[PDB]
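Number of protein chains: 2
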Amino acid sequence: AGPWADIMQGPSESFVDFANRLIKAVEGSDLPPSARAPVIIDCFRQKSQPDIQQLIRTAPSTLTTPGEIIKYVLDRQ
Amino acid sequence: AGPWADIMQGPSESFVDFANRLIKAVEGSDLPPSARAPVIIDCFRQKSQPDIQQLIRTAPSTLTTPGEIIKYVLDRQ
Numbered sequence: 150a151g152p153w154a155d156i157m158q159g160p161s162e163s164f165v166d167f168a169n170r171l172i173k174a175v176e177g178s179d180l181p182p183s184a185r186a187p188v189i190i191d192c193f194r195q196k197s198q199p200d201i202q203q204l205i206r207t208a209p210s211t212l213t214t215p216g217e218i219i220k221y222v223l224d225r226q
Numbered sequence: 150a151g152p153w154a155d156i157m158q159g160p161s162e163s164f165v166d167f168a169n170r171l172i173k174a175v176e177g178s179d180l181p182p183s184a185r186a187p188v189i190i191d192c193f194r195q196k197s198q199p200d201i202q203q204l205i206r207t208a209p210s211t212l213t214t215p216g217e218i219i220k221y222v223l224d225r226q
C-alpha cells in the first residue's frame, strides 16, 4: 500500500480524491485497527489544502468520524 | 504541538533531530496513547531521508519500538 504519511492533497486533486487515497493507504498499513480513524482525522486536518483545512476546523464538535468530515466538506462545495 | 503528519527529515537535519521533533509532535497530538508508537514507527520508515529509510529496513524483526530503531540507526553512524 502507499506511504500514508506522505499523502497530501495536491493542487489538482479534490478533497475526496485525497481522502480516498489516504484511507486506502491507511487501511493497507500496519497500524492497529483502532489507530486508523484517529490517524485519518489528523491527516485530514494536516494534509488537506489550506482552504479545506480551514473549512474542516469550522465543523461542530459532534462530527468525529472520517465519513462525517467527508460529508461536511463535500456538502459545502 | 506541531503537525506530526507534516514532519520530515530535512537535508540539514539528523535522524535523531527528526525523531525528537516527530515524537514531541505525536505526544502533543490527539491520537490515542496506543496509536503513538505504531504511528512513530511508520513515520520513521516513511519520512526519514532515503539513506536512513534504507538502513531502517535492514533492522531485525525483533526490533519493534521507536527506541530500538533510534539506537539501531545511531549505533550504525
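So the sequences go chain by chain: A and A'. A prime marks a further copy of an entry chain.
Residue numbers for the first sequence follow the deposited numbering, so the first one is 150 and each next one is one higher.
Residue numbers for the second sequence follow the deposited numbering, so the first one is 150 and each next one is one higher.
Note that the Cβ used here is the ideal one computed from N, Cα and C, for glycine as well.
Beta-carbon separation (whole angstroms), residue i vs residue j, contact threshold 8 Å
i: A:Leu212; j: A:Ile218; result: 6 Å
i: A':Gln158; j: A':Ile201; result: 7 Å
i: A':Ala154; j: A:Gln195; result: 4 Å
Beta-carbon spacing of residue i, residue j below 8 Å
i: A':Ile189; j: A':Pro215; result: yes
i: A':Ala168; j: A':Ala150; result: no
i: A':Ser178; j: A:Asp191; result: yes
i: A':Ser197; j: A':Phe164; result: yes
i: A:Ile156; j: A:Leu171; result: yes
For the stretch 154–173 of chain A, enumerate the residues whose C-beta is nearer than 8 Å to any C-beta of chain A', in chain order. Those residues of the stretch 154–173 of chain A placed with their C-beta closer than 8 Å to a C-beta in chain A' are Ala154, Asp155, ordered along the chain.
Could you name the residues of the stretch 191–216 of chain A whose beta carbon sits closer than 7 Å to any beta carbon of chain A', in the order they occur along the chain? Within the stretch 191–216 of chain A, contact with chain A' at the beta-carbon level (separation under 7 Å) is assigned to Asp191, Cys192, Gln195, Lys196.
Those runs of the alpha helix (DSSP H) which lie wholly inside the stretch 155–185 of chain A' and span at least 4 residues: Listed in chain order, the complete alpha helix (DSSP H) runs (minimum 4 residues) inside the stretch 155–185 of chain A' are 164–176.
As an exercise, report each continuous alpha helix (DSSP H) stretch of at least 4 residues that is fully enclosed by the stretch 181–218 of chain A', in chain order. Correct list: 182–196, 199–205.
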